[PDB]
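Student: Would you mind keeping the following structure in view while I ask a few things?
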Amino acid sequence: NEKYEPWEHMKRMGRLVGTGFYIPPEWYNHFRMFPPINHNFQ
Amino acid sequence: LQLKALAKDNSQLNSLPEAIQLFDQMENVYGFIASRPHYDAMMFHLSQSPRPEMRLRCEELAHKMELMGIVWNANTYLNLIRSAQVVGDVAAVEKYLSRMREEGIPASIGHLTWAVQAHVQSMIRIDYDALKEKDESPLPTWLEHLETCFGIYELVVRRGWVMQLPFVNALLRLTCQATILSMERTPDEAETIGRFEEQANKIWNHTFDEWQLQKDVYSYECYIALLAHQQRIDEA
Amino acid sequence: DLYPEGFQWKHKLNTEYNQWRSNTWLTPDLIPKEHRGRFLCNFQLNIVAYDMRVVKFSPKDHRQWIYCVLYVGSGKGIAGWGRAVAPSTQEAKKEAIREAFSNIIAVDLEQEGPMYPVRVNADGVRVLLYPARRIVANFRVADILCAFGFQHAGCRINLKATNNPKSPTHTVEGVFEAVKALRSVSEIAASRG
Amino acid sequence: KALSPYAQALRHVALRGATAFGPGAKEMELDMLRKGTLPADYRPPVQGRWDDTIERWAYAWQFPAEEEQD
Amino acid sequence: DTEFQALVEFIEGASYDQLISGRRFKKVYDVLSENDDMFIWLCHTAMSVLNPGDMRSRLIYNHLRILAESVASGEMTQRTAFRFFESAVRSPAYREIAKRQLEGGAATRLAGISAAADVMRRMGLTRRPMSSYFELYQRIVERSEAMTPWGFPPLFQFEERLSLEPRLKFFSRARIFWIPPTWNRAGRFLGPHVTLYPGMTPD
Amino acid sequence: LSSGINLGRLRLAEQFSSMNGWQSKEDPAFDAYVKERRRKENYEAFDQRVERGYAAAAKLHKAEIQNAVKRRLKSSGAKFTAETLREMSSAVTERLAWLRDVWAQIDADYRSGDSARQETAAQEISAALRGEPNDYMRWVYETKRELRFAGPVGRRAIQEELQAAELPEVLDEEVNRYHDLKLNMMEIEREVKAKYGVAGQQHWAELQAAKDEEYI
Amino acid sequence: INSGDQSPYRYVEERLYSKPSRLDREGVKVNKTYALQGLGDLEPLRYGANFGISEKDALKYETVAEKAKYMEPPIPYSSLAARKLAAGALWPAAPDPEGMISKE
Amino acid sequence: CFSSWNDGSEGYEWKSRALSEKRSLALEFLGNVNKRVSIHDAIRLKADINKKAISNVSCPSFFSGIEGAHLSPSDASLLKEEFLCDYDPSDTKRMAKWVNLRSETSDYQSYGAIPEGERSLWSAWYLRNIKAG
Amino acid sequence: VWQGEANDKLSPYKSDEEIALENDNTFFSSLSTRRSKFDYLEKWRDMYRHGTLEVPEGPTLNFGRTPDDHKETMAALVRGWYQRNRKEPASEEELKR
Amino acid sequence: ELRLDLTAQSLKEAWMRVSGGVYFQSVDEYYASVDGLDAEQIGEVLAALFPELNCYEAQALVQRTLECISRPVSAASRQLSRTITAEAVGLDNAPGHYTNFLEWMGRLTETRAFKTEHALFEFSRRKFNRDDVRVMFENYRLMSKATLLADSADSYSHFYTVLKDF
């Protein structure tokens, strides 16, 4: 399954925070600066 | 080199999203790990826009730089002062100037230049309508912002530093912006407008040839903005 | 509830003077741990369907439970949908509400709707979400578009390729799957540069 | 805060008093371990070389590389 | 002190009933095992096999450190954290770093798990302030993720599918796995609603 | 690309690869780095129980500042932008600096050697570990509300008395969150039955009588 | 274990691996206590608390295809999984080889 | 007496008077409609009469006021402070913490002190400052 | 000094040498070129153990613990502030003006 | 073992007689793990005072003198070498870092918290009978509420009083 993915979860959290009525946890901004490791493009 | 060119590119409107996408394409797709020149060329471009998301991106990039074993230098603190000055935040500029001397990194003339520009942008973004509700004149805040930067100008001539053109241009910008804001907010107080205009003419007429400096595009830009705000079309 | 953690005074309670009074069923453990004290917007509950389902535990014992599908949503851009089965009605509503809060999503309400046609399909149900200046949907879909805050939107659902087209979860599942696959204008402009 | 490191040092000794110039916290832990009066929740500094290796690993994760070009 | 409260209520209940019941022992087995130290030790055992001089290992180290601090803070649930951990583990760069550390010979994973126990003591990632060293001893002297050659527990969910295919003999070659309902007599209570797993029998 | 940065990263990677090349008295630059880090660590560290109490108090203060920002955005109806996140992070970091400057005194009293100082420091550590909030914070919230609701003579008196006392920068939402909490009935009952005796019990009995009369 | 007019092997099998036993473990209010209450590391890993399969979430699906479609992936590792890894109980031991001896 | 000042059901004849005074003041501040009257000349004069009647009351002083006509560091500090400092502005403010000026009236004289939720007659808002110690 | 740097509005724009020249201008702030807080602490440590520097036992700056903390930090600095204000007129009257 | 521990204890207090009182160990000399006597200084003593002493017994003696001056001698690294081999952890060509860890883990085992955490572990693994629970009931009833608060200030003192017999 690809619908449960760290990039998909980060995109879901980003568009959840981008409303302005949700408060981001610290791991969202800490994963924007340290993204999850991808298996592609290698 | 591409990020350095996009940091000063004014050909199109999309230079900053192009730089963001190029940095993301370099890190994720190309597999390159960002060094100090990548972080410097990105944070110099992120420090130009006063949007809070881009300032947050610059702060998170500086934090990732200090977390990845790349220590801060004069250029990193200069980029942070540039990012904090465009929103008019003098408190963050003073915290960066104190943290720079905490680590023993000496502050050069450009840091004080962008501190003066931080005072300019803090004079710009005063909520004048809230002071109009409280019946408070913004004149002592303008006098404090002037005397602080003139104390900085007395500091840079006491340390024996070579006087640079952007510092005198920042002082001229400060005095011309104080004159413009005094004409906009307190139009009936003609004596303060006259004092600010006399200080601006003193900086424009005597200070440039005191340090044997030659005027440039920004020096003419600030004075042309001053003369255009006074509706003196022929002199402009 | 916006205060899960903080100073716990002994001489004072944890409740405030000007607090909105709860319902007969609303308990503070409905919102999960990762979403507790995060939502700055009030939500409204809309029930999709109640149904009766025979649940088999043993070959000698069959119970008759109630199965409820609903969706929670606020007009400021955040919404989620859920479904759960339970021996009673209010237990099914509570577990479906915590399932809907577990699977919550959001959009960008800068344009109050999409800016390109999104034709998506699940297994059988084919739903198109196209931009408009009004809201073009039936009432069961217009309520979900109001739950997301999409006032400038249009939605069309074809259920003829499904095995059971009269199932009530298909329409809400299709609308949520189409809105989930919709990209905002800022996201596309950031992806292009 | 915008305090100078001279004023930061003066405020540091003003906040900590005379024990700022005395032994460190881990020297107090070493004295409590040697005298035998050490509580159970305290981590005992039992081996110097391995704790040195531990702290060198944890500080090596932040150690900067040399980017100077001759 | 909720574990001490569970211990003393177990003691008082077992002395009141004059027997060791199943309800009281199930209660104290649930109270003594609600701690999230398992996933934090997973992240720190994965961080131990990395290289403090490599920049890619610094990225993986900061990612797993942020993940462990996010689980310890309670802001991220367990299942999404396991998805993040299995995505960080299955990467070819992490397996390359683990293979380089294996082929070295004087590996630095022991100092890694020791500094991990010290960090879990300092940052308050445990339930008791000195429990991390006993958990370190438990990871070392027993079969666990600390004695695996790559630094994760040896289940097939943390290994790549391209390595899962030629070794194991699963259903059909050339996600959630279920028994297809053509098997009407598989076991006594086995059926299509009973899931199966590739490298373990959880029954 | 065999450049200076890439070769520096390569020699850094091969240095920390095994256990050998990075130990004590082997590389002078890493030894100077760990010497400066241990030099700072010798000055800015606390006792371990002091660090645990500071961690609990810092968690409480961070949660209270985040609750203040939540209350402000809930009352104003505005959105959570990046500027509010920057403001909240700056307030949290300056409150953590203030808590470090506070708990330096408790670490000095716990390591002083006097009996009364160590017992008061152990009382502070035990109060912080159990989750009990500070009475200094209650006094700070109450004097901030009284500074808000006083006239200019009283406002100038409070601002001139407390200009040198290093008070934390407290938002209005923290004072409003403390003030709007309802008071506990059983704690008031315990205080009125401990401070006063049978007269307190008769007063609480007539109070419950008035409660049941208002219920009618 | 008290038999109660049954074989004890089949009684423990019905009390461990039946559908009302695991539903009583998840919490259904079945008739009277079909599952074993107090088990430590002898509890099967299918019915652990930190495992990723919950039958209360699976009762709302009427088909095995819907269970394969909508359910989350299971949690791989737990504390009971760590104890079974330390005990080597993730796979049963191989019995005596019946392939070539006889059928007596 | 001195033993009647501590806690623990001692001094019942005066503790029950103080607890009945604060409740009866709270009941007339909230539930007495006839006290919300604008003042007139009968109130303005007779309160000034009642202001001067209390000011004419002098407190009966005790026998303490009657008088007639290598040193230690603690003994010399008392003699030097009495001669060099006849008026001390720092010590008279320490009296305000002990006496607690306007103890029963500043509960109702403050601005915005009592919330609307505790504005009933069963509510216990006058007992918040009771500390047993 | 930390109350004077908070209201100076030029102390972030001043170096360490300018503030150390302005405040005391003595050997006590002289470092002999890198200036930091820990260099001053390391110098004053050996100045204390020799015993050229005397530091009173206990925190003289008290806040955060008790609701009356400015009083106890005023009572801990009366001697130092009074000697700071009275020792230079003692030197003015000892030079026999 | 009793010969080498009594010989190392004899040299420790003989060094304390000649040193003259206090001996303070700072942070940096703790990290280098240097005590008051060097291995050259102790090995010179054992060759001079003891004539009949072979090579491998003398270097075994200087190993125990260095560890008895710092802490009391704990015989726990010898048992940890048997249950934990070198190649299991990954230290085959580093014998110095292997033995530095074994005494670091060995002295971490002898603490009150490690015996407490092992007892709470075995309590969760169901290794007690009804006899263990009944004596734990007597150990809990003997503690009063004033004695419990003094033990709950530490994180392990209230646990260890119940689990001392266990």
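Labels for the structure tokens follow display order: chains A, B, ..., residues from 1 in each chain, ligands from 1.
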Residues of chain F within 8 Å of chain H: nearest atom pair and distance (Å, one decimal) for each, counting only C-alpha atoms, sorted by chain and number, as JSON lines?
Tutor:
{"residue": "F:149", "atom": "CA", "partner": "H:111", "partner_atom": "CA", "distance": 6.6}
{"residue": "F:183", "atom": "CA", "partner": "H:128", "partner_atom": "CA", "distance": 8.0}
{"residue": "F:188", "atom": "CA", "partner": "H:127", "partner_atom": "CA", "distance": 6.7}
{"residue": "F:191", "atom": "CA", "partner": "H:132", "partner_atom": "CA", "distance": 5.9}
{"residue": "F:192", "atom": "CA", "partner": "H:130", "partner_atom": "CA", "distance": 6.8}
{"residue": "F:194", "atom": "CA", "partner": "H:132", "partner_atom": "CA", "distance": 5.9}
{"residue": "F:195", "atom": "CA", "partner": "H:132", "partner_atom": "CA", "distance": 4.4}
{"residue": "F:196", "atom": "CA", "partner": "H:9", "partner_atom": "CA", "distance": 5.8}
{"residue": "F:197", "atom": "CA", "partner": "H:9", "partner_atom": "CA", "distance": 3.7}
{"residue": "F:198", "atom": "CA", "partner": "H:9", "partner_atom": "CA", "distance": 5.8}
{"residue": "F:199", "atom": "CA", "partner": "H:16", "partner_atom": "CA", "distance": 5.2}
{"residue": "F:200", "atom": "CA", "partner": "H:16", "partner_atom": "CA", "distance": 7.5}
{"residue": "F:203", "atom": "CA", "partner": "H:19", "partner_atom": "CA", "distance": 7.2}
{"residue": "F:207", "atom": "CA", "partner": "H:122", "partner_atom": "CA", "distance": 6.2}
{"residue": "F:208", "atom": "CA", "partner": "H:122", "partner_atom": "CA", "distance": 7.6}
{"residue": "F:210", "atom": "CA", "partner": "H:122", "partner_atom": "CA", "distance": 5.5}
{"residue": "F:211", "atom": "CA", "partner": "H:122", "partner_atom": "CA", "distance": 5.0}
{"residue": "F:214", "atom": "CA", "partner": "H:122", "partner_atom": "CA", "distance": 7.2}
Student: If we count only C-alpha atoms and set the cut-off at 12 Å, which residues sit around residue G:54, ignoring sequence neighbours fewer than 6 positions away in its own chain? Please answer as a list in words.
Tutor: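 In the requested format, the answer is residues 193, 194 and 195 of chain E; 22, 23, 24, 25, 26, 27, 28, 46, 47, 48, 60, 67, 71, 72, 73, 74 and 75 of chain G.
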Student: Excluding residue I:70 and its own-chain neighbours fewer than 6 positions away, which residues fall within 8 Å of it when counting only C-alpha atoms? Please give them as an MDAnalysis selection string.
Tutor: (chainID F and resid 162 164:165) or (chainID I and resid 62:63)
Student: Find the residues near residue F:141: any atom within 8 Å, counting only C-alpha atoms, skip ones fewer than 3 places away on the same chain, and give them as a compact mmCIF listing (two decimals) with N, CA, C and O atoms, in the first residue's frame.
Tutor:
# COMPACT_ATOMS: atom_id res chain seq x y z
N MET F 137 4.37 31.73 40.40
CA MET F 137 3.58 31.95 39.19
C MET F 137 2.19 32.48 39.52
O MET F 137 1.66 33.33 38.79
N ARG F 138 1.60 32.01 40.62
CA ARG F 138 0.31 32.54 41.07
C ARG F 138 0.43 34.00 41.48
O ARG F 138 -0.41 34.83 41.10
N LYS F 144 0.11 40.74 37.86
CA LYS F 144 -0.08 41.24 36.50
C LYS F 144 -1.51 41.69 36.29
O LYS F 144 -1.76 42.73 35.65
N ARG F 145 -2.48 40.96 36.85
CA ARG F 145 -3.87 41.40 36.76
C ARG F 145 -4.11 42.67 37.57
O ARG F 145 -4.87 43.55 37.15
N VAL F 170 5.12 37.66 30.75
CA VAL F 170 3.89 36.89 30.81
C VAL F 170 2.85 37.56 29.92
O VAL F 170 2.59 38.76 30.05
N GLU F 174 -2.16 34.12 29.64
CA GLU F 174 -1.84 33.29 30.80
C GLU F 174 -2.57 33.77 32.04
O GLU F 174 -3.09 32.96 32.82
N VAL F 175 -2.63 35.09 32.23
CA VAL F 175 -3.35 35.67 33.36
C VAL F 175 -4.85 35.41 33.23
O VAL F 175 -5.53 35.12 34.22
N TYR F 178 -5.44 31.71 34.05
CA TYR F 178 -5.41 31.47 35.49
C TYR F 178 -6.65 32.03 36.17
O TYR F 178 -7.19 31.41 37.09
Student: Measure the distance from atom CA of residue F:34 to atom CA of residue I:35 in Å and round it to one decimal.
Tutor: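 The value is 19.2 Å.
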Student: Using only C-alpha atoms, determine which residues of chain D fall within 9 Å of chain I; present them as an MDAnalysis selection string.
Tutor: chainID D and resid 1:22
Student: The selected residues should be written to file as a CSV table (one decimal), in the first residue's frame (atoms: C-alpha atoms).
Tutor:
chain,number,residue,atom,x,y,z
D,1,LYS,CA,18.7,38.6,26.2
D,2,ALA,CA,21.2,41.2,24.8
D,3,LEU,CA,23.6,40.9,27.7
D,4,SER,CA,27.4,41.2,27.1
D,5,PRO,CA,29.4,38.1,28.1
D,6,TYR,CA,31.1,40.1,30.9
D,7,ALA,CA,27.6,41.0,32.2
D,8,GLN,CA,26.5,37.4,31.5
D,9,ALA,CA,29.4,36.2,33.7
D,10,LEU,CA,28.5,38.7,36.4
D,11,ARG,CA,24.9,37.5,36.3
D,12,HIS,CA,26.1,33.9,36.4
D,13,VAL,CA,28.1,34.3,39.6
D,14,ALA,CA,25.2,36.4,41.0
D,15,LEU,CA,22.8,33.5,40.4
D,16,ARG,CA,25.1,30.7,41.5
D,17,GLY,CA,27.1,32.4,44.3
D,18,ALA,CA,30.3,30.9,45.6
D,19,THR,CA,29.6,27.3,44.4
D,20,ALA,CA,30.1,28.4,40.7
D,21,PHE,CA,33.9,28.6,41.4
D,22,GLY,CA,34.0,25.4,43.4
Student: I'd like the contact shell of stretch 13-19 of chain G - 10 Å cut-off, only C-alpha atoms, skipping same-chain residues fewer than 6 positions apart - returned as a list in words.
Tutor: residues 56, 57, 58 and 59 of chain C; 188, 189, 190, 193, 194 and 203 of chain E; 7, 25, 33, 34, 35, 36, 43, 44, 46, 47 and 55 of chain G
Student: Using only N, CA and C atoms, please write the residues we just selected to a file, as a compact mmCIF listing (two decimals), in the first residue's frame.
Tutor:
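Once written, selection-v8.txt looks like this:
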# COMPACT_ATOMS: atom_id res chain seq x y z
N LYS C 56 -22.07 -12.07 13.97
CA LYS C 56 -21.89 -13.45 14.40
C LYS C 56 -20.64 -13.56 15.27
N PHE C 57 -20.82 -14.00 16.51
CA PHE C 57 -19.71 -14.32 17.39
C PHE C 57 -19.46 -15.83 17.43
N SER C 58 -20.49 -16.59 17.76
CA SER C 58 -20.48 -18.04 17.81
C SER C 58 -21.46 -18.58 16.78
N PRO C 59 -21.33 -19.84 16.37
CA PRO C 59 -22.42 -20.48 15.60
C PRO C 59 -23.72 -20.61 16.38
N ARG E 188 -8.52 -26.23 13.20
CA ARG E 188 -9.75 -26.32 13.97
C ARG E 188 -10.48 -24.98 13.99
N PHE E 189 -9.78 -23.90 14.31
CA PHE E 189 -10.38 -22.57 14.31
C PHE E 189 -9.82 -21.67 13.22
N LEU E 190 -9.09 -22.23 12.26
CA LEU E 190 -8.54 -21.44 11.17
C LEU E 190 -9.61 -21.19 10.11
N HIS E 193 -10.93 -15.35 8.00
CA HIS E 193 -10.76 -14.17 8.83
C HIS E 193 -9.50 -14.23 9.69
N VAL E 194 -8.71 -15.29 9.57
CA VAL E 194 -7.46 -15.44 10.31
C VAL E 194 -6.32 -15.06 9.39
N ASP E 203 0.64 -17.18 16.55
CA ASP E 203 -0.26 -17.97 17.37
C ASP E 203 0.49 -18.64 18.52
N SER G 7 -12.50 -32.58 27.19
CA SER G 7 -11.06 -32.79 27.14
C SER G 7 -10.36 -31.47 27.40
N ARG G 25 -11.34 -10.68 24.27
CA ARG G 25 -10.08 -9.98 24.48
C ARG G 25 -10.15 -8.55 23.96
N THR G 33 -16.78 -14.91 29.93
CA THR G 33 -15.31 -15.00 30.04
C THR G 33 -14.71 -16.13 29.19
N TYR G 34 -14.87 -15.97 27.87
CA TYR G 34 -14.41 -17.02 26.96
C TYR G 34 -12.90 -17.06 26.78
N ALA G 35 -12.17 -16.02 27.19
CA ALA G 35 -10.73 -15.97 27.02
C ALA G 35 -10.01 -16.13 28.35
N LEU G 36 -8.73 -16.52 28.28
CA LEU G 36 -7.91 -16.61 29.48
C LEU G 36 -7.49 -15.21 29.92
N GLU G 43 0.90 -15.60 26.30
CA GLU G 43 -0.18 -15.10 25.47
C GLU G 43 0.24 -15.15 24.00
N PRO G 44 -0.64 -15.59 23.10
CA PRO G 44 -0.31 -15.57 21.67
C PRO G 44 -0.16 -14.14 21.15
N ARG G 46 -0.94 -12.93 18.34
CA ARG G 46 -2.09 -12.46 17.58
C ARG G 46 -3.00 -11.57 18.42
N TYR G 47 -3.10 -11.84 19.72
CA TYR G 47 -4.04 -11.16 20.60
C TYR G 47 -3.33 -10.26 21.60
N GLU G 55 -10.29 -6.94 16.21
CA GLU G 55 -11.52 -7.47 15.64
C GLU G 55 -12.70 -6.52 15.80
Student: Can you work out which residues from chain J touch chain D at a cut-off of 10 Å (counting only C-alpha atoms) and hand them back as a VMD selection string?
Tutor: chain J and resid 24 to 34 67 69 to 72 96 to 108 111 to 114 116 153 to 157
Student: Those residues with N, CA and C atoms, as a JSON list (two decimals), in the first residue's frame please?
Tutor:
[["chain", "number", "residue", "atom", "x", "y", "z"],
["J", 24, "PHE", "N", 41.88, 14.53, 45.83],
["J", 24, "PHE", "CA", 40.72, 14.93, 45.06],
["J", 24, "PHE", "C", 40.94, 14.63, 43.58],
["J", 25, "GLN", "N", 39.95, 14.02, 42.94],
["J", 25, "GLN", "CA", 40.00, 13.67, 41.53],
["J", 25, "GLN", "C", 39.08, 14.60, 40.76],
["J", 26, "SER", "N", 39.64, 15.30, 39.77],
["J", 26, "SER", "CA", 38.88, 16.27, 38.98],
["J", 26, "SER", "C", 38.18, 15.56, 37.82],
["J", 27, "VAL", "N", 37.61, 16.33, 36.91],
["J", 27, "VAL", "CA", 36.86, 15.75, 35.80],
["J", 27, "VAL", "C", 37.80, 15.17, 34.75],
["J", 28, "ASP", "N", 38.84, 15.94, 34.39],
["J", 28, "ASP", "CA", 39.69, 15.56, 33.26],
["J", 28, "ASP", "C", 40.59, 14.38, 33.59],
["J", 29, "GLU", "N", 41.09, 14.30, 34.83],
["J", 29, "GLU", "CA", 41.87, 13.14, 35.22],
["J", 29, "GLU", "C", 41.00, 11.93, 35.51],
["J", 30, "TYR", "N", 39.71, 12.13, 35.75],
["J", 30, "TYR", "CA", 38.78, 11.01, 35.78],
["J", 30, "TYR", "C", 38.57, 10.43, 34.38],
["J", 31, "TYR", "N", 38.50, 11.30, 33.37],
["J", 31, "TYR", "CA", 38.28, 10.85, 31.99],
["J", 31, "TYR", "C", 39.48, 10.08, 31.46],
["J", 32, "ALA", "N", 40.69, 10.47, 31.85],
["J", 32, "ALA", "CA", 41.89, 9.70, 31.51],
["J", 32, "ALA", "C", 42.08, 8.49, 32.41],
["J", 33, "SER", "N", 41.30, 8.40, 33.50],
["J", 33, "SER", "CA", 41.31, 7.28, 34.45],
["J", 33, "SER", "C", 42.68, 7.06, 35.07],
["J", 34, "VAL", "N", 43.36, 8.15, 35.42],
["J", 34, "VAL", "CA", 44.64, 8.08, 36.10],
["J", 34, "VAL", "C", 44.41, 8.37, 37.58],
["J", 67, "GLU", "N", 42.22, -0.35, 39.99],
["J", 67, "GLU", "CA", 40.78, -0.33, 40.19],
["J", 67, "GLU", "C", 40.37, -0.32, 41.66],
["J", 69, "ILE", "N", 41.99, 1.56, 43.99],
["J", 69, "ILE", "CA", 42.18, 2.93, 44.45],
["J", 69, "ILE", "C", 40.97, 3.79, 44.12],
["J", 70, "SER", "N", 40.40, 3.60, 42.92],
["J", 70, "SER", "CA", 39.26, 4.39, 42.49],
["J", 70, "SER", "C", 37.99, 4.00, 43.24],
["J", 71, "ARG", "N", 37.58, 2.75, 43.12],
["J", 71, "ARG", "CA", 36.36, 2.22, 43.71],
["J", 71, "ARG", "C", 36.70, 0.97, 44.50],
["J", 72, "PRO", "N", 35.76, 0.46, 45.30],
["J", 72, "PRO", "CA", 35.91, -0.91, 45.80],
["J", 72, "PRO", "C", 35.91, -1.91, 44.66],
["J", 96, "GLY", "N", 41.00, -3.23, 24.37],
["J", 96, "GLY", "CA", 40.97, -2.18, 25.38],
["J", 96, "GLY", "C", 39.59, -1.57, 25.55],
["J", 97, "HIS", "N", 38.87, -1.35, 24.44],
["J", 97, "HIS", "CA", 37.50, -0.87, 24.52],
["J", 97, "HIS", "C", 36.54, -1.95, 24.98],
["J", 98, "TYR", "N", 36.90, -3.23, 24.79],
["J", 98, "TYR", "CA", 36.05, -4.31, 25.27],
["J", 98, "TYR", "C", 36.11, -4.42, 26.79],
["J", 99, "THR", "N", 37.31, -4.35, 27.36],
["J", 99, "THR", "CA", 37.45, -4.42, 28.81],
["J", 99, "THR", "C", 37.01, -3.13, 29.49],
["J", 100, "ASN", "N", 37.05, -2.00, 28.79],
["J", 100, "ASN", "CA", 36.53, -0.76, 29.36],
["J", 100, "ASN", "C", 35.01, -0.79, 29.47],
["J", 101, "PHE", "N", 34.34, -1.50, 28.57],
["J", 101, "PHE", "CA", 32.89, -1.63, 28.65],
["J", 101, "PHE", "C", 32.47, -2.64, 29.71],
["J", 102, "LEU", "N", 33.25, -3.71, 29.89],
["J", 102, "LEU", "CA", 32.85, -4.80, 30.78],
["J", 102, "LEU", "C", 32.87, -4.37, 32.24],
["J", 103, "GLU", "N", 33.81, -3.51, 32.62],
["J", 103, "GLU", "CA", 33.77, -2.94, 33.96],
["J", 103, "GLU", "C", 32.81, -1.76, 34.06],
["J", 104, "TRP", "N", 32.47, -1.13, 32.93],
["J", 104, "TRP", "CA", 31.44, -0.10, 32.95],
["J", 104, "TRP", "C", 30.06, -0.71, 33.14],
["J", 105, "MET", "N", 29.79, -1.83, 32.47],
["J", 105, "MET", "CA", 28.54, -2.54, 32.67],
["J", 105, "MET", "C", 28.54, -3.31, 33.98],
["J", 106, "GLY", "N", 29.71, -3.78, 34.42],
["J", 106, "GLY", "CA", 29.78, -4.56, 35.64],
["J", 106, "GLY", "C", 29.51, -3.75, 36.89],
["J", 107, "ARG", "N", 30.05, -2.53, 36.96],
["J", 107, "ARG", "CA", 29.76, -1.65, 38.08],
["J", 107, "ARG", "C", 28.36, -1.05, 37.99],
["J", 108, "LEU", "N", 27.76, -1.03, 36.80],
["J", 108, "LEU", "CA", 26.38, -0.61, 36.65],
["J", 108, "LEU", "C", 25.40, -1.69, 37.12],
["J", 111, "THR", "N", 24.41, -1.81, 41.36],
["J", 111, "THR", "CA", 23.69, -0.72, 41.99],
["J", 111, "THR", "C", 22.34, -1.20, 42.53],
["J", 112, "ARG", "N", 21.73, -0.34, 43.35],
["J", 112, "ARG", "CA", 20.40, -0.64, 43.89],
["J", 112, "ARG", "C", 19.34, -0.55, 42.81],
["J", 113, "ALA", "N", 19.50, 0.36, 41.85],
["J", 113, "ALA", "CA", 18.51, 0.52, 40.79],
["J", 113, "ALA", "C", 18.54, -0.64, 39.81],
["J", 114, "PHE", "N", 19.71, -1.24, 39.58],
["J", 114, "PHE", "CA", 19.79, -2.37, 38.66],
["J", 114, "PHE", "C", 19.18, -3.62, 39.28],
["J", 116, "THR", "N", 16.79, -3.41, 41.41],
["J", 116, "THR", "CA", 15.37, -3.09, 41.45],
["J", 116, "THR", "C", 14.72, -3.33, 40.09],
["J", 153, "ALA", "N", 10.86, 9.65, 47.46],
["J", 153, "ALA", "CA", 11.69, 10.74, 46.97],
["J", 153, "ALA", "C", 12.78, 10.22, 46.04],
["J", 154, "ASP", "N", 13.35, 9.07, 46.38],
["J", 154, "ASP", "CA", 14.15, 8.31, 45.44],
["J", 154, "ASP", "C", 13.21, 7.49, 44.55],
["J", 155, "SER", "N", 13.69, 7.18, 43.35],
["J", 155, "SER", "CA", 12.85, 6.47, 42.39],
["J", 155, "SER", "C", 12.81, 4.97, 42.63],
["J", 156, "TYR", "N", 13.67, 4.44, 43.50],
["J", 156, "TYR", "CA", 13.80, 3.00, 43.66],
["J", 156, "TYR", "C", 13.73, 2.51, 45.10],
["J", 157, "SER", "N", 13.69, 3.40, 46.09],
["J", 157, "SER", "CA", 13.74, 2.95, 47.48],
["J", 157, "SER", "C", 12.42, 2.34, 47.93]]
Student: Run DSSP on the backbone and give me the residues of stretch 8-187 of chain C it puts in strand (DSSP E or B), as JSON, numbers by chain.
Tutor: {"C": [12, 13, 14, 15, 16, 39, 44, 45, 46, 47, 48, 49, 50, 51, 52, 53, 54, 55, 56, 57, 58, 61, 62, 63, 64, 65, 66, 67, 68, 69, 70, 71, 72, 73, 78, 79, 80, 81, 82, 83, 84, 85, 86, 104, 105, 106, 118, 119, 120, 121, 126, 127, 128, 129, 130, 135, 136, 153, 154, 155, 156, 157, 158]}
Student: If you run DSSP over the backbone, which residues in stretch 24-78 of chain E end up alpha helix (DSSP H)? Put them as number ranges by chain.
Tutor: E: 24-31, 37-48, 55-72, 78
Student: Taking only C-alpha atoms into account, find every residue of chain B that has an atom no more than 7 Å from chain C, and write it out as a list in words.
Tutor: residues 14, 17, 18 and 21 of chain B
Student: Skipping near chain neighbours, those fewer than 2 positions away, what residues fall within 12 Å of residue E:79 using only C-alpha atoms, listed as a PyMOL selection string?
Tutor: (chain A and resi 4-6+9) or (chain C and resi 34) or (chain E and resi 39+71+76-77+81-86) or (chain G and resi 50-53+72-78)
Student: Counting only C-alpha atoms, which residue out of F:58, F:85, F:42, F:2 sits closest to chain A?
Tutor: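 Once distances to chain A are computed over only C-alpha atoms, the minimum belongs to F:85.
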